[PDB]
Each structure stands twice: as structure tokens, then as C-alpha cells.
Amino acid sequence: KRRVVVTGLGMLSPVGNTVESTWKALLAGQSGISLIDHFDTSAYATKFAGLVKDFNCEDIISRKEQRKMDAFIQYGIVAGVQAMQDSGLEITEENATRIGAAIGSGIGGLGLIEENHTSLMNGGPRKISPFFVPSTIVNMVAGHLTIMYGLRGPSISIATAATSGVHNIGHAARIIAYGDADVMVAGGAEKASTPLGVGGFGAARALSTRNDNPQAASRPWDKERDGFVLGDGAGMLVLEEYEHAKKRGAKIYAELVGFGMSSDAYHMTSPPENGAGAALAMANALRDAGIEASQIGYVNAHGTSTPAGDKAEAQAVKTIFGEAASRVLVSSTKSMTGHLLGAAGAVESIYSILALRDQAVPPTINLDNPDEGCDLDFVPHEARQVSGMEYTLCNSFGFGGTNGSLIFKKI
């Protein structure tokens, strides 16, 4: 029976351009939200987001190649390289066939779709770039990374909106456990802070419009919350069959033990008050891991900072945790990072893994005045020290009612 462990990490987030710098900022309660400057936000209801500061790929992606990729692909490649380098894995002719990728994105190449469509409108189809398609489509991060590293094993890309990162990580694990691969680079990348992303989610009345205090905007479970905050970035993990990791003397961050999925079957852009879908996904991950809810020490929530979304998950956590509900810690790191969409589940799985390593749990900042009837410990304001935490759980839910939960185990 094949076990799957995590042997490499890579990340670009609004609070840091490496895994460790991002994690340091999160334990310190730092916000990565700021005012947008790369487009004129005068007419936008929302004028801020969690941006990647000073992104740099000069040494990683050639200049001939950069021109062929939307920003989300560039972020995903940089984070994937970070992970592959961290793993220390050496690809060979013998290996290549057993190493793959499961990387996606919720929305993909908004920036270059806008650029190409602007060009088409202005000068006709003659002005569309030859790179239009391969520069925007969701699966292009997996495609570039396999080519860059010579990976010939399975490559897939799951695009399930905000659930993408968890699904891609979960299915990469399944692929290894099934026997179709020994190693997979898995995760998600997103750069939706563009006129269409900001204007589009704004049109749906889904974004916070607290322009006068961008850093207080994302405030999960707080009574004054008014929608999510968009965040850009990428998170990647190298997953690897257990015996293969040891035999090569790999450093092992944690083991991936459970993966659960469900569908709300309720509404396209809102969860049911019940949180029944969220509950079933967590229940499925627990059964997959062979453990009880009481063994979970910390839940990194989907917690996007929407009025109805936050309430549904708190109900689902109550439902699954029952007695232990008040004893498990729950926190939403989107209070600092914003919502990375298709990359959220990927960076958040990293947070869930590091919490195990460091026995430290990042806070839900801005939780000044929690919803009433809430009995849960949302780790408000300040990080929390924990003791013998052996399991963490990461939730990620998405438009379409699609849900996913991952369970990591220490060592």
C-alpha cells in the first residue's frame, strides 16, 4: 500500500516570495493586501488586492519564453522550480517516466485574454498573438514545468475554481498511490487581479469594497465582513511515494493521509446554510485517513470573508467536530493573504503542513467582533502555540458547489 509524503515546497504569495518568508509573515499576522496600481481603478468598486511584490523570474524563465506566458503561468513555473529545487530530486532517463504534475488554476490567463481581445477589437484577428492559446489556458503551468524538467509521467490540470489547489494535490496523491507515478509536482497558480477579475467578481457582489482600509477588509467570521479579497500567487508541493523518498534520503515535511470530495448540489455561487457539502468533504477526508475528527488539531478554513460562506463552514465544522468543536483550532489565512482562488488550496496546504512542523497556528486577523452564536476557536488576532498536534486539515470550496478537504499527518 503506497503512502504519499511531501518532500518539496514552493510559493509566491502576497506576504512573501518564498515558503519561509511567507510563513514568517503569517505567524506575525502581517497583511499582504494593498491598493492596486497596475490599472486605473477609478471606476471599480474594489480597488485593492493581495499582490505579489517584486516578482522576479529573470534567472528562471528565458526572455524568449516569458513573452509566451500570462503572469499566472510565470508565477506557477517559479513556484514549481522552487519546489523541485527544494526536493533535491534528480531526474534521470530511468526516472523521467515516473514523475509528473497535477497543476491548475481557477481562471487562468486573464491578463493575456484581455490583451488579445483588446488587440482583436482594435485591429482585427490579424492582431491576435500566435501565443494566445498556449499563453492563457489552465494546463500550461504543468506543460512548461514538464518540459523544463524533462518529466514524462502523468500530467493533469484540475480547474475547479477555488477548489483547484486541493483537488490537484489530492489527485496527484491518488495517482502516486494508484501506482501511475512515484513523484508529482502539484499545486495551483492564479493572477486574477485584472480589470476582468476585479470587475467580474465585483459584478457578482462577491468582493469587499472597504477601499479606505484594505488591510482590514478581509475579516472572516467578523460581523462587519463584506466579501472576499482577491489575492494572487502560486503554491506547489512535490508529493512522493514513501519508500522512494527514504531510499534517496529525501527531507520529508509531512505525510498526506486523507482526501475528501463532495458537491453541495445547491446553488452555483453560494453554499447552503447547512454547510452540508463542506461537512461531507471533511467527513470523507477523515474516513479516507482512517481517523476521527477529534484527532485533528487545526483546520485551515476556506473562510473567504463572505457573509454566507463563513457561516456555512462554521456550521459544517460544528457538525463534524461535535463535542471537540471548541477544542480544534480553526483559522483563515485569507485574513492576511486574500483569496488566491485556484492557488488558495495549494498555499493553504503548505500552511497546514508547516503548522505541523512548527507546532504553531497562524491567526485569523481582523476578527474584532465575531458572529454571535459561534462557539469555535478561530484563533483570532495572534498565532497560537500547540503541543502534540499530529493532524491538520485544509478545506477549499468553489463556485459550482464543489468541495475538497486534505488531511496531513506529522511525520
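Residue numbers here begin at 1 and follow the sequence given.
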Between 187 to 195 and 311 to 319, which has the higher average C-alpha B-factor in the PDB entry? 311 to 319
Mean C-alpha B-factor comparison - 129 to 137 and 291 to 299, higher one: 291 to 299
Member of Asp232, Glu114, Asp264, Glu93 with the greatest C-alpha B factor (per the PDB record): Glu93
Where does the C-alpha B-factor of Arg174 rank in its chain, lowest, middle or highest third? middle
Chain third (lowest, middle, highest) by recorded CA B-factor, residue given as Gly50: lowest
Binned into thirds over the chain's modelled residues, the C-alpha B-factor of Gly345 lands in the lowest
Taking the chain's C-alpha temperature factors as the reference, tell me which third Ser352 falls into: lowest, middle or highest. lowest
According to the PDB entry, is the CA B factor of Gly388 in the bottom, middle or top third of its chain, that is, lowest, middle or highest? highest
